[PDB]
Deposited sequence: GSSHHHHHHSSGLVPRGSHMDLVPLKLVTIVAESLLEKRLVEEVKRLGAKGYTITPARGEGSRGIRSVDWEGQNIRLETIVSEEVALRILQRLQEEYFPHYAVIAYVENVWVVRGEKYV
């Protein structure tokens, strides 16, 4: 069993911000990401996306700080982080 502790960062925002956000997390160290369509107050196309990425503790805070600084003031964004244990997670570090 190769299981290691990492962080799962989740971001919810308009789907139109996808390219920018995907670029931001890769730029900050993320080695992958998963997207799920999503919606909120007020159909799965043209709404929001839930972007998730598995990263190390340090990269997680880099991403969150970048979102708080550059995206939160100008867009409706939700961002949070959870603790996870990942199979062969060494690769995401």
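- Taking the first deposited residue as 1, the stretches without any C-alpha atom are 1-19, 62-68.
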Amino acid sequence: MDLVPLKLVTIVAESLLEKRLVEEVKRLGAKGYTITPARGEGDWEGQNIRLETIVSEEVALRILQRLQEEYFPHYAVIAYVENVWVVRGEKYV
From here on, numbers count along this sequence of modelled residues.
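- Per the PDB record, of the two stretches 83-91 and 4-12, 83-91 carries the greater mean B-factor over its C-alpha atoms.
- Annotation for 71-79 versus 19-27: the higher mean temperature factor (C-alpha) is found in 19-27.
- For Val59, the recorded CA B-factor ranks within the highest third of the chain. Only modelled residues enter the ranking.
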